[PDB]
file final.tsv (TSV, C-alpha atoms and all ligand atoms)
chain	number	residue	atom	x	y	z
A	3	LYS	CA	3.04	91.15	-4.68
A	4	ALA	CA	0.79	88.96	-6.84
A	5	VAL	CA	-2.84	88.46	-7.79
A	6	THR	CA	-4.18	85.34	-6.08
A	7	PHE	CA	-7.18	83.65	-7.71
A	8	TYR	CA	-9.42	81.40	-5.60
A	9	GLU	CA	-11.72	78.49	-6.45
A	10	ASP	CA	-14.45	79.32	-3.92
A	11	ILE	CA	-16.30	82.28	-2.40
A	12	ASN	CA	-14.47	84.36	0.24
A	13	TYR	CA	-10.98	83.14	-0.74
A	14	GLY	CA	-11.74	79.44	-0.15
A	15	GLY	CA	-10.59	76.26	-1.90
A	16	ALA	CA	-7.64	75.95	-4.28
A	17	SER	CA	-5.60	79.07	-5.08
A	18	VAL	CA	-3.07	80.21	-7.69
A	19	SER	CA	-0.95	83.37	-7.70
A	20	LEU	CA	0.03	85.21	-10.89
A	21	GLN	CA	2.31	88.12	-11.76
A	22	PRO	CA	1.31	90.85	-14.25
A	23	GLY	CA	0.78	89.55	-17.78
A	24	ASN	CA	-1.71	88.47	-20.42
A	25	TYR	CA	-2.72	84.87	-19.87
A	26	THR	CA	-4.64	82.79	-22.42
A	27	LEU	CA	-6.77	79.78	-21.42
A	28	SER	CA	-3.97	77.31	-22.16
A	29	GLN	CA	-1.51	79.43	-20.17
A	30	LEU	CA	-3.93	79.62	-17.23
A	31	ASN	CA	-4.29	75.82	-17.33
A	32	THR	CA	-0.50	75.36	-17.27
A	33	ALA	CA	-0.47	77.63	-14.19
A	34	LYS	CA	-3.04	75.19	-12.66
A	35	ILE	CA	-6.10	77.44	-13.16
A	36	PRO	CA	-8.97	75.49	-14.79
A	37	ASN	CA	-11.59	77.10	-17.05
A	38	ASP	CA	-14.79	78.43	-15.45
A	39	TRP	CA	-13.36	78.05	-11.93
A	40	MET	CA	-12.48	81.46	-10.44
A	41	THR	CA	-14.86	82.85	-7.79
A	42	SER	CA	-12.79	85.27	-5.67
A	43	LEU	CA	-9.45	87.06	-5.94
A	44	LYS	CA	-6.99	89.25	-4.06
A	45	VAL	CA	-5.59	92.24	-5.95
A	46	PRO	CA	-2.60	94.33	-4.76
A	47	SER	CA	-3.23	98.05	-4.28
A	48	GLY	CA	-2.84	100.01	-7.52
A	49	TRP	CA	-3.21	96.90	-9.71
A	50	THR	CA	-5.90	96.07	-12.30
A	51	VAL	CA	-7.30	92.66	-13.24
A	52	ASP	CA	-9.34	92.31	-16.44
A	53	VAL	CA	-11.18	88.97	-16.38
A	54	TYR	CA	-12.47	87.67	-19.73
A	55	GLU	CA	-15.35	85.26	-20.38
A	56	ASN	CA	-13.74	83.77	-23.49
A	57	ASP	CA	-10.21	82.83	-24.54
A	58	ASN	CA	-7.81	85.33	-26.10
A	59	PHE	CA	-9.12	88.33	-24.17
A	60	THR	CA	-12.58	88.40	-25.77
A	61	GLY	CA	-16.20	88.17	-24.62
A	62	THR	CA	-17.44	89.95	-21.50
A	63	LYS	CA	-14.73	91.67	-19.44
A	64	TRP	CA	-15.00	92.09	-15.66
A	65	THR	CA	-12.57	94.46	-13.93
A	66	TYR	CA	-11.23	94.23	-10.36
A	67	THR	CA	-8.93	96.71	-8.61
A	68	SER	CA	-9.18	95.50	-4.99
A	69	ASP	CA	-9.67	92.32	-2.94
A	70	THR	CA	-12.89	90.69	-4.11
A	71	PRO	CA	-14.53	87.93	-2.00
A	72	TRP	CA	-17.16	87.36	-4.72
A	73	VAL	CA	-16.70	88.25	-8.40
A	74	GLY	CA	-20.44	88.65	-9.00
A	75	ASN	CA	-23.13	86.33	-10.31
A	76	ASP	CA	-22.36	87.08	-13.98
A	77	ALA	CA	-18.60	86.68	-13.56
A	78	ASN	CA	-18.62	83.59	-11.32
A	79	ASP	CA	-16.93	80.52	-12.82
A	80	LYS	CA	-16.41	82.23	-16.20
A	81	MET	CA	-12.72	83.18	-16.42
A	82	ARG	CA	-11.00	81.77	-19.52
A	83	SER	CA	-8.40	84.52	-20.02
A	84	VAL	CA	-7.03	87.39	-17.95
A	85	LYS	CA	-4.90	90.51	-18.18
A	86	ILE	CA	-3.10	91.64	-15.02
A	87	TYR	CA	-1.51	95.10	-14.67
A	88	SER	CA	0.58	96.60	-11.87
A	89	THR	CA	-1.01	99.95	-12.87
B	3	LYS	CA	-25.89	99.51	-16.60
B	4	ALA	CA	-25.33	98.15	-20.12
B	5	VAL	CA	-24.83	99.29	-23.69
B	6	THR	CA	-27.99	98.63	-25.69
B	7	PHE	CA	-27.60	98.28	-29.46
B	8	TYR	CA	-30.61	98.91	-31.72
B	9	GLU	CA	-31.54	97.69	-35.20
B	10	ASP	CA	-33.16	100.93	-36.39
B	11	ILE	CA	-32.76	104.72	-36.19
B	12	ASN	CA	-33.78	106.44	-32.93
B	13	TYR	CA	-33.66	103.26	-30.81
B	14	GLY	CA	-36.22	101.36	-32.92
B	15	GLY	CA	-36.56	97.68	-33.87
B	16	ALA	CA	-34.76	94.76	-32.23
B	17	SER	CA	-32.34	95.48	-29.36
B	18	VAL	CA	-29.54	93.69	-27.51
B	19	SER	CA	-27.76	94.77	-24.32
B	20	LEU	CA	-24.09	94.02	-23.63
B	21	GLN	CA	-21.74	94.42	-20.67
B	22	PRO	CA	-18.14	95.69	-21.06
B	23	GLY	CA	-15.95	93.38	-23.15
B	24	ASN	CA	-14.37	92.70	-26.52
B	25	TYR	CA	-16.85	90.98	-28.80
B	26	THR	CA	-15.90	89.35	-32.10
B	27	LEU	CA	-18.42	88.85	-34.94
B	28	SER	CA	-19.19	85.27	-33.88
B	29	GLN	CA	-19.64	86.39	-30.27
B	30	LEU	CA	-21.98	89.21	-31.35
B	31	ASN	CA	-24.03	86.69	-33.36
B	32	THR	CA	-24.33	84.38	-30.34
B	33	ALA	CA	-25.60	87.41	-28.40
B	34	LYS	CA	-28.24	87.80	-31.19
B	35	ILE	CA	-26.57	90.77	-32.93
B	36	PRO	CA	-26.32	90.17	-36.71
B	37	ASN	CA	-23.54	91.62	-38.89
B	38	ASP	CA	-24.12	95.02	-40.52
B	39	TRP	CA	-27.25	95.66	-38.43
B	40	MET	CA	-26.57	98.28	-35.73
B	41	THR	CA	-27.98	101.79	-36.33
B	42	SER	CA	-28.38	103.38	-32.88
B	43	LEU	CA	-27.15	102.72	-29.34
B	44	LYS	CA	-27.47	103.83	-25.74
B	45	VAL	CA	-24.23	104.28	-23.79
B	46	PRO	CA	-24.05	104.71	-19.99
B	47	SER	CA	-22.36	107.88	-18.73
B	48	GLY	CA	-18.58	107.50	-18.51
B	49	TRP	CA	-18.51	104.49	-20.85
B	50	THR	CA	-16.82	104.11	-24.26
B	51	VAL	CA	-17.97	102.03	-27.24
B	52	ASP	CA	-15.51	101.35	-30.08
B	53	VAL	CA	-17.44	100.03	-33.09
B	54	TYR	CA	-15.39	98.22	-35.76
B	55	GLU	CA	-16.20	97.76	-39.45
B	56	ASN	CA	-14.47	94.38	-39.68
B	57	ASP	CA	-14.13	91.34	-37.43
B	58	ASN	CA	-11.43	91.07	-34.76
B	59	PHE	CA	-11.35	94.79	-33.97
B	60	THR	CA	-9.98	95.93	-37.34
B	61	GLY	CA	-11.07	98.24	-40.16
B	62	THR	CA	-12.65	101.63	-39.48
B	63	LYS	CA	-13.39	102.37	-35.82
B	64	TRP	CA	-16.28	104.60	-34.72
B	65	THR	CA	-16.38	105.78	-31.10
B	66	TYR	CA	-19.47	106.59	-29.01
B	67	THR	CA	-19.52	107.93	-25.44
B	68	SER	CA	-23.20	108.94	-25.10
B	69	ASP	CA	-26.68	107.94	-26.31
B	70	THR	CA	-26.63	107.96	-30.10
B	71	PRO	CA	-29.92	107.90	-32.07
B	72	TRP	CA	-27.99	107.63	-35.36
B	73	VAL	CA	-24.45	106.25	-35.69
B	74	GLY	CA	-23.72	108.25	-38.85
B	75	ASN	CA	-23.95	107.44	-42.55
B	76	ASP	CA	-20.49	105.82	-42.66
B	77	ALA	CA	-21.06	103.72	-39.53
B	78	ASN	CA	-24.65	102.64	-40.24
B	79	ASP	CA	-25.13	98.87	-40.62
B	80	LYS	CA	-21.37	98.19	-40.44
B	81	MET	CA	-20.65	96.78	-36.96
B	82	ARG	CA	-18.87	93.40	-37.06
B	83	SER	CA	-16.92	93.70	-33.80
B	84	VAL	CA	-17.03	95.97	-30.76
B	85	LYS	CA	-15.08	96.90	-27.64
B	86	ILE	CA	-17.06	98.23	-24.67
B	87	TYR	CA	-15.41	99.96	-21.70
B	88	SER	CA	-16.89	101.23	-18.43
B	89	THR	CA	-14.18	103.95	-18.59
C	1	CA	CA	-15.63	78.41	-8.34
C	2	CA	CA	-30.02	98.83	-39.11
call {"tool": "encode", "arguments": {"input": "final.tsv", "output": "structure tokens", "more": "lines below"}}
Ligand SMILES: [Ca+2]
Ligand SMILES: [Ca+2]
result
Amino acid sequence: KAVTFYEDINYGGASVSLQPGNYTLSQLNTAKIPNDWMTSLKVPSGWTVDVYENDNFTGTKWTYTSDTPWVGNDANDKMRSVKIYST
Amino acid sequence: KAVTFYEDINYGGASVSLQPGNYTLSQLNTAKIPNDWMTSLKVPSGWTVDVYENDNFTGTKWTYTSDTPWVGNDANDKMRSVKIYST
């Protein structure tokens, strides 16, 4: 079980999987996730993904609790930090 | 659906709408919300707005879960950071 983040719409392009945790921009980059890059994601059942517009879990927050082929026009290519929960 | 913050009592004066997220003072300013300015707000049903006296989600916290024509004497013109939840 992991959250997989995808570069392109409908789970296309480059992908990176992450376990639960609170990942800053620098930490995302080390995990090979660039800024302003995420477009779709797969979320395990029962899990929560809080996607933040700015670093350090600030700015607009978009929340996903299931597989999402398109994050929305506002959220597209905006992720700079993320909190992942298995609850 | 958005939280709309208003300059004056009873939803008067300048207004700015924000999606869920954790907004610092600088982020509020970029969204055109000055410090010590907010007097009333509209909150979508089921949402929570935590209004903080100081930057970075510290100091006194005032909580609103419905449309509020007057934030209260203590809370008036004090917002410097805010957390908005759709839950
Ligand atoms: Ca993309
Ligand atoms: Ca005011």
call {"tool": "closest_residue", "arguments": {"input": "final.tsv", "among": "A:37, A:89, A:62, A:19", "to": "ligand CA 1 (chain C)", "atoms": "all atoms listed in the file"}}
result
A:37
call {"tool": "closest_residue", "arguments": {"input": "final.tsv", "among": "B:23, B:71, B:15, B:36", "to": "residue 53 in chain A", "atoms": "all atoms listed in the file"}}
result
B:23
call {"tool": "closest_residue", "arguments": {"input": "final.tsv", "among": "B:78, B:45, B:50, B:86", "to": "ligand CA 2 (chain C)", "atoms": "only C-alpha atoms and all ligand atoms"}}
result
B:78
call {"tool": "residues_near_ligand", "arguments": {"input": "final.tsv", "ligand": "ligand CA 1 (chain C)", "cutoff": "6 Å", "atoms": "all atoms listed in the file", "output": "ChimeraX atom specification"}}
result
/A:9-10,39-41,79
call {"tool": "residues_around", "arguments": {"input": "final.tsv", "residues": "residue 31 in chain B", "least_positions_apart": "5", "cutoff": "12 Å", "atoms": "all atoms listed in the file", "output": "PyMOL selection string"}}
result
(chain A and resi 61) or (chain B and resi 18+25-26+36-39+57+81-84)
call {"tool": "closest_residue", "arguments": {"input": "final.tsv", "among": "B:43, B:20, B:11, B:33", "to": "ligand CA 2 (chain C)", "atoms": "all atoms listed in the file"}}
result
B:11
call {"tool": "closest_residue", "arguments": {"input": "final.tsv", "among": "A:44, A:80, A:34, A:63", "to": "chain B", "atoms": "all atoms listed in the file"}}
result
A:63
call {"tool": "interface_residues", "arguments": {"input": "final.tsv", "of": "chain A", "to": "chain B", "cutoff": "10 Å", "atoms": "all atoms listed in the file", "output": "PyMOL selection string"}}
result
chain A and resi 52-56+58-65+76
call {"tool": "write_last_selection", "arguments": {"input": "final.tsv", "atoms": "C-alpha atoms", "output": "short mmCIF file (atom, residue, chain, number, x, y, z; two decimals), keeping the file's coordinate frame"}}
result
data_model
loop_
_atom_site.label_atom_id
_atom_site.label_comp_id
_atom_site.auth_asym_id
_atom_site.auth_seq_id
_atom_site.Cartn_x
_atom_site.Cartn_y
_atom_site.Cartn_z
CA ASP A 52 -9.34 92.31 -16.44
CA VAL A 53 -11.18 88.97 -16.38
CA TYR A 54 -12.47 87.67 -19.73
CA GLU A 55 -15.35 85.26 -20.38
CA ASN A 56 -13.74 83.77 -23.49
CA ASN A 58 -7.81 85.33 -26.10
CA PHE A 59 -9.12 88.33 -24.17
CA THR A 60 -12.58 88.40 -25.77
CA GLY A 61 -16.20 88.17 -24.62
CA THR A 62 -17.44 89.95 -21.50
CA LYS A 63 -14.73 91.67 -19.44
CA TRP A 64 -15.00 92.09 -15.66
CA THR A 65 -12.57 94.46 -13.93
CA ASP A 76 -22.36 87.08 -13.98
#
call {"tool": "atom_distance", "arguments": {"input": "final.tsv", "atom1": "CA of residue 46 in chain A", "atom2": "CA of residue 12 in chain A"}}
result
16.3 Å
call {"tool": "closest_residue", "arguments": {"input": "final.tsv", "among": "B:42, B:49, B:74, B:68", "to": "residue 3 in chain B", "atoms": "all atoms listed in the file"}}
result
B:49
call {"tool": "atom_distance", "arguments": {"input": "final.tsv", "atom1": "CA of residue 35 in chain B", "atom2": "atom CA of ligand CA 2 (chain C)"}}
result
10.7 Å
call {"tool": "axis_aligned_box", "arguments": {"input": "final.tsv", "around": "range 73-78 of chain A", "padding_each_side": "6 Å", "output": "JSON"}}
result
{"center_x": -19.9, "center_y": 86.1, "center_z": -11.2, "size_x": 18.4, "size_y": 17.1, "size_z": 17.6}
call {"tool": "atom_distance", "arguments": {"input": "final.tsv", "atom1": "CA of residue 51 in chain B", "atom2": "CA of residue 66 in chain B"}}
result
5.1 Å
